[PDB]
Amino acid sequence: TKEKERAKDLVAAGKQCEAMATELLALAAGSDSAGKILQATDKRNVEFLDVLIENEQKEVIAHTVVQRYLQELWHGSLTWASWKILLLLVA
Amino acid sequence: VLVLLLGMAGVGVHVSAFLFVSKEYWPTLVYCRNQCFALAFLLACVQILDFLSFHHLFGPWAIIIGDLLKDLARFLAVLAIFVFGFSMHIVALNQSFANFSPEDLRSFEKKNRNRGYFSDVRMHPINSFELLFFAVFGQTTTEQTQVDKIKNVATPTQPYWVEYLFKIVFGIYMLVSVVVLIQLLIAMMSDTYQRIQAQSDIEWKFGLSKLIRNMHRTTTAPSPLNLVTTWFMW
Amino acid sequence: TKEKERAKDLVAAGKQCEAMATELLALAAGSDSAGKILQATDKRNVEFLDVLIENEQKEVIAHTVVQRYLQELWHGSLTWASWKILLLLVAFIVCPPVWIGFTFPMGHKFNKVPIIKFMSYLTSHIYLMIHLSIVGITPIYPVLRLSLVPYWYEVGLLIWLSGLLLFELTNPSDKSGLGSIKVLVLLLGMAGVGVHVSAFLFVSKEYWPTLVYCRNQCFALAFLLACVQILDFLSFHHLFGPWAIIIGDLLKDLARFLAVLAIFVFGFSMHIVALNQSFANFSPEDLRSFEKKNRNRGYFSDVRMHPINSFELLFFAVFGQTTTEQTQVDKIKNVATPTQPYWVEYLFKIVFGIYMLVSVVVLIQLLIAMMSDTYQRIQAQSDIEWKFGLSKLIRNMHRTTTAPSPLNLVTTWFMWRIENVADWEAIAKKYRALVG
């Protein structure tokens with residue numbers, strides 16, 4: 001947006017590095033180590049996931065690794081998920 | 001914010017009933033605070049439409065809502081134009097006229113002095129707008145538009161050939177709106193829902209991510225309760 | 001189109017050179033030098049952009065370079081863009097004098113930017129709407145009196161219809177869709193003024209009051225097409241723009257529907273005419289009383305319903321307004337004894353049921369199918385055609401100093417190179433660097 005020389009090609013490179021971030025986070029998490037990587041800090045004193053939301057990497061953050069970890073962070077090891085929470089709201 | 005813009009109304013009504021003069025303590029002011037609290041209950045219900053954003057069956061919906069408020073506004077300006085125009089036409093149909101009897105020529109100028117500023121309209125035009133606006137919902141049946149059939153006038157001040165013009169003009173309006181405009185809106189809502197469906201899934205996962213962060217990484221006050229927790233700590 | 005040898009391959013080459021014109025104008029403009037290239041002349045003594053609109057290069061003219069330059073030409077370095085212009089339209093509309101200052105080139109100061117000229121035709125047309133409203137629809141001055149009925153807003157409306165005739169004769173406007181209704185506005189004023197002047201200067205035939213009603217009707221339809229004309233004045237905006245191209249596009253499908261709807265409503269309407277025939281089985285005593293009573297019958301007997309009342313009755317069934325009892329004449333005219341037997345009502349429910357099924361179930365929702373599935377085809381192309389029509393609009397405001405004339409009909413009576421603006425050789429080397 002800030003330049004007008006060729007805006008059709010900066011977007012292609014941004015999508016290339018977004019998809020490269022998806023594949024590197026997919027290989028780097030391995031089985032279940034996404035909590036370390038997403039809970040890691042940055043060069044500045046902020047977490048990685050807060051970067052990644054201010055980074056606006058929607059293609060990265062919709063990948064299944066950060067999504068299922070983020071559902072694990074949504075539960076917080078509560079783990080009586082589907083039914084007793086729906087009762088427990090009434091409670 | 002709009003919820004809190006109505007409470008500031010409604011509380012700011014009845015406190016402004018007591019601490020102000022109240023002007024002989026009107027009971028209508030109680031009605032108006034009930035109205036502001038009622039609209040606050042509406043936007044409360046839409047806010048619990050916002051609290052269902054976490055769920056996948058309900059999630060990407062609320063992104064496609066404002067997306068289709070682009071197309072809804074794009075429709076609704078045009079609907080305002082046609083309802084405005086045909087409404088002012090049906091204002092211009094209800095003018096009482098009857099052909100001159102030569103005896104009524106002699107009785108014309110003596111009776112033609114008691115007329116006011118806005119004579120011979122027979123229908124206030126915003127009643128025509130909020131009358132013909134309900135035609136697009138199939139609720140006015142061409143006899144709620146003729147003032148002679150509204151106000152039950154015993155002698156028809158119109159001749160019996162303007163009713164053909166009510167059926168023609170109201171027929172063309174019902175055709176354009178109900179046939180054309182509404183179903184053109186169905187076309188546009190479908191054919192942008194097709195474009196922004198699969199991308200609005202990913203934007204739902206992104207907004208879900210901002211929601212889960214702004215719950216987890218922010219210990220805060222669930223505060224209709226925990227406004228006390230700021231005052232009991234300070 | 002002019003040849004038939006291979007039309008599939010001339011189009012491919014035309015699209016090749018159109019896209020090559022996009023890429024050469026993209027490389028040749030560089031950062032911001034599009035104003036020189038588009039403002040350049042040609043081999044003939046015309047500008048380049050007027051070529052490019054007569055060249056009909058929609059793929060070129062919808063590229064972002066000529067588009068953002070053309071938005072800069074739309075502003076004309078005015079640059080208080082989004083909000084104070086929207087207030088400033090109201091600042092035109094509150095006062096004619098303030099607006100009349102911006103129209104005049106004597107206290108000029110803004111008369112070269114096309115936003116304010118476009119705003120002058122805009123609020124000019126709005127005051128046309130207001131004067132049509134006060135004359136024809138909601139009269140302050142009560143029109144029925146034994147006179148010529150002249151009045152100063154009726155004379156001002158007369159000089160504004162005459163002024164708009166002056167503007168369309170001086171500056172022509174095409175029949176391409178929503179321009180055409182502009183002429184239709186002036187085809188109703190020529191009615192309505194041409195009613196009441198033809199009330200005075202003609203005989204008036206004992207001065208009918210219905211003629212005042214008919215000029216109110218013609219001015220009312222002029223107010224309708226005025227409202228659709230301010231649906232045309234919203235063409236500049238992107239949220240409203242490509243809509244008005246897809247309207248006539250869907251008037252193809254609307255007519256394609258509406259002929260069929262006319263056929264079915266016509267047929268079933270004539271059937272419900274053929275259902276209302278009064279008949280009752282012969283009592284043998286009524287056989288003796290038959291031929292004596294059978295002489296007073298006229299030309300069109302036993303129809304019981306005029307058929308265009310059936311057409312404009314059953315035409316409102318498709319809107320859910322007739323409930324099978326507004327079709328039976330015995331239930332219309334409140335006949336005390338049923339002249340029909342009590343088994344034709346089953347035929348009213350069957351025939352009217354099949355009609356409501358076909359129209360309301362089938363025909364309407366088939367129209368929803370066709371409107372959707374051509375809106376899908378001509379959406380993304382109608383975007384580019386909107387940018388092209390926007391380009392013709394911005395040219396025909398900027399490169400034509402003219403008369404905002406319900407006002408400036410008085411102003412007629414009170415008065416009475418491209419080959420070296422770029423390093424083309426170096427750009428052509430850059431174009432081969434893209435394609436390889």
# chains A, B, ... in the order shown; residues from 1 in each chain; ligands from 1
call {"tool": "residues_around", "arguments": {"residues": "residue 155 of chain C", "least_positions_apart": "2", "cutoff": "12 Å", "atoms": "only C-alpha atoms", "output": "ChimeraX atom specification"}}
result
/C:131-132,135,149-153,157-163,193,196-197,406
call {"tool": "write_last_selection", "arguments": {"atoms": "N, CA, C and O atoms", "output": "compact mmCIF listing (two decimals), in the first residue's frame"}}
result
# COMPACT_ATOMS: atom_id res chain seq x y z
N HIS C 131 -38.79 22.32 -6.72
CA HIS C 131 -39.78 23.11 -7.44
C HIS C 131 -40.82 22.24 -8.14
O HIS C 131 -41.98 22.63 -8.24
N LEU C 132 -40.43 21.04 -8.59
CA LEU C 132 -41.44 20.11 -9.08
C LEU C 132 -42.37 19.65 -7.96
O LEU C 132 -43.56 19.44 -8.20
N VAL C 135 -44.72 22.76 -7.10
CA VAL C 135 -45.69 23.02 -8.15
C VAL C 135 -46.72 21.90 -8.24
O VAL C 135 -47.92 22.14 -8.13
N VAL C 149 -53.60 30.93 -13.48
CA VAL C 149 -52.75 30.51 -12.36
C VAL C 149 -51.26 30.66 -12.70
O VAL C 149 -50.56 29.66 -12.97
N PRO C 150 -50.71 31.88 -12.76
CA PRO C 150 -49.25 32.00 -12.75
C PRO C 150 -48.77 32.16 -11.32
O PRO C 150 -49.53 32.53 -10.42
N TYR C 151 -47.48 31.89 -11.11
CA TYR C 151 -46.80 32.15 -9.85
C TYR C 151 -45.29 32.08 -10.09
O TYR C 151 -44.84 31.49 -11.07
N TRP C 152 -44.52 32.68 -9.17
CA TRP C 152 -43.10 32.90 -9.45
C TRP C 152 -42.29 31.61 -9.41
O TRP C 152 -41.29 31.50 -10.12
N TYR C 153 -42.70 30.63 -8.60
CA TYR C 153 -41.98 29.36 -8.69
C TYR C 153 -42.44 28.54 -9.90
O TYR C 153 -41.74 27.62 -10.33
N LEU C 157 -39.83 27.42 -12.47
CA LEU C 157 -39.84 26.06 -12.98
C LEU C 157 -39.90 26.05 -14.50
O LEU C 157 -39.32 25.17 -15.15
N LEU C 158 -40.60 27.03 -15.09
CA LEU C 158 -40.68 27.12 -16.54
C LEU C 158 -39.32 27.47 -17.15
O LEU C 158 -38.94 26.94 -18.20
N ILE C 159 -38.56 28.34 -16.48
CA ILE C 159 -37.26 28.73 -16.99
C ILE C 159 -36.20 27.70 -16.59
O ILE C 159 -35.06 27.73 -17.08
N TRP C 160 -36.56 26.77 -15.71
CA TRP C 160 -35.61 25.70 -15.38
C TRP C 160 -35.81 24.49 -16.28
O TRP C 160 -34.85 23.79 -16.59
N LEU C 161 -37.05 24.23 -16.68
CA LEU C 161 -37.28 23.25 -17.74
C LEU C 161 -36.75 23.77 -19.07
O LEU C 161 -36.14 23.02 -19.84
N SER C 162 -36.98 25.06 -19.35
CA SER C 162 -36.39 25.68 -20.53
C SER C 162 -34.87 25.72 -20.44
O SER C 162 -34.17 25.58 -21.45
N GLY C 163 -34.35 25.92 -19.23
CA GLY C 163 -32.90 25.93 -19.06
C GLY C 163 -32.29 24.55 -19.23
O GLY C 163 -31.18 24.42 -19.75
N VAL C 193 -46.09 22.01 -18.25
CA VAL C 193 -46.15 23.40 -18.71
C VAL C 193 -47.02 23.49 -19.95
O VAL C 193 -47.97 24.28 -20.01
N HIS C 196 -50.68 23.70 -18.84
CA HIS C 196 -51.42 24.81 -18.24
C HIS C 196 -51.33 26.07 -19.08
O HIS C 196 -52.26 26.89 -19.06
N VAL C 197 -50.23 26.25 -19.81
CA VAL C 197 -50.20 27.27 -20.86
C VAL C 197 -51.24 26.95 -21.92
O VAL C 197 -52.01 27.82 -22.35
N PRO C 406 -30.06 25.24 -14.69
CA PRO C 406 -31.32 25.93 -14.42
C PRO C 406 -30.96 27.38 -14.08
O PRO C 406 -31.74 28.31 -14.25
call {"tool": "closest_atom_pairs", "arguments": {"of": "chain B", "to": "chain C", "cutoff": "6 Å", "atoms": "only C-alpha atoms", "output": "CSV"}}
result
residue,atom,partner,partner_atom,distance
B:74,CA,C:240,CA,6.0
B:85,CA,C:224,CA,4.8
B:89,CA,C:220,CA,5.5
B:92,CA,C:137,CA,4.7
B:99,CA,C:209,CA,5.9
B:117,CA,C:140,CA,5.6
B:118,CA,C:140,CA,5.0
B:183,CA,C:368,CA,5.7
B:187,CA,C:372,CA,4.2
call {"tool": "closest_atom_pairs", "arguments": {"of": "chain A", "to": "chain C", "cutoff": "9 Å", "atoms": "only C-alpha atoms", "output": "CSV"}}
result
residue,atom,partner,partner_atom,distance
A:3,CA,C:31,CA,8.7
A:4,CA,C:31,CA,6.8
A:5,CA,C:31,CA,6.4
A:6,CA,C:26,CA,8.6
call {"tool": "write_last_selection", "arguments": {"atoms": "N, CA, C and O atoms", "output": "mmCIF file, in the first residue's frame"}}
result
data_model
loop_
_atom_site.group_PDB
_atom_site.id
_atom_site.type_symbol
_atom_site.label_atom_id
_atom_site.label_comp_id
_atom_site.auth_asym_id
_atom_site.auth_seq_id
_atom_site.Cartn_x
_atom_site.Cartn_y
_atom_site.Cartn_z
ATOM 1 N N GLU A 3 3.724 1.880 -1.406
ATOM 2 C CA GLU A 3 4.372 2.167 -2.678
ATOM 3 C C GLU A 3 3.424 1.853 -3.823
ATOM 4 O O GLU A 3 2.381 1.226 -3.626
ATOM 5 N N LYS A 4 3.799 2.302 -5.024
ATOM 6 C CA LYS A 4 2.933 2.121 -6.182
ATOM 7 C C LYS A 4 3.716 1.635 -7.395
ATOM 8 O O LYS A 4 3.194 1.637 -8.516
ATOM 9 N N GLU A 5 4.977 1.257 -7.195
ATOM 10 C CA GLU A 5 5.860 0.771 -8.267
ATOM 11 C C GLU A 5 5.277 -0.538 -8.795
ATOM 12 O O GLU A 5 4.860 -0.585 -9.964
ATOM 13 N N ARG A 6 5.203 -1.594 -7.995
ATOM 14 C CA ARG A 6 4.498 -2.803 -8.396
ATOM 15 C C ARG A 6 3.874 -3.446 -7.143
ATOM 16 O O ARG A 6 4.524 -4.070 -6.307
#
call {"tool": "select_by_dssp", "arguments": {"residues": "segment 9-84 of chain B", "states": "helix (DSSP H, G or I)", "output": "number ranges by chain"}}
result
B: 9-18, 28-50, 61-84
call {"tool": "interface_residues", "arguments": {"of": "chain A", "to": "chain B", "cutoff": "9 Å", "atoms": "only C-alpha atoms", "output": "list in words"}}
result
residues 49, 50, 53, 56, 57, 58, 59, 61, 62, 67, 70, 71, 73 and 74 of chain A
call {"tool": "residues_around", "arguments": {"residues": "residue 165 of chain B", "least_positions_apart": "5", "cutoff": "12 Å", "atoms": "only C-alpha atoms", "output": "CSV table (one decimal) with C-alpha atoms, in the first residue's frame"}}
result
chain,number,residue,atom,x,y,z
B,89,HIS,CA,-46.7,10.4,-6.6
B,90,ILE,CA,-49.4,8.8,-4.5
B,92,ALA,CA,-50.0,13.7,-6.1
B,93,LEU,CA,-52.9,11.2,-6.8
B,94,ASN,CA,-55.1,12.0,-3.9
B,142,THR,CA,-54.3,-0.3,-2.8
B,145,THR,CA,-53.7,4.3,-0.2
B,146,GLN,CA,-56.9,5.9,-1.6
B,158,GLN,CA,-62.6,11.7,-7.2
B,159,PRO,CA,-64.1,10.5,-10.5
B,160,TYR,CA,-64.2,6.7,-11.1
B,170,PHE,CA,-49.3,0.9,-7.3
B,171,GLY,CA,-49.0,-2.1,-9.6
B,172,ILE,CA,-45.8,-0.8,-11.2
B,173,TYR,CA,-44.4,0.1,-7.7
C,214,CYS,CA,-53.2,16.2,-15.2
C,217,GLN,CA,-49.7,14.1,-12.7
C,312,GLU,CA,-55.6,-6.2,-12.8
call {"tool": "residues_around", "arguments": {"residues": "residue 36 of chain B", "least_positions_apart": "6", "cutoff": "10 Å", "atoms": "only C-alpha atoms", "output": "list in words"}}
result
residues 3, 5, 6, 7, 8, 9, 10, 11, 13 and 42 of chain B
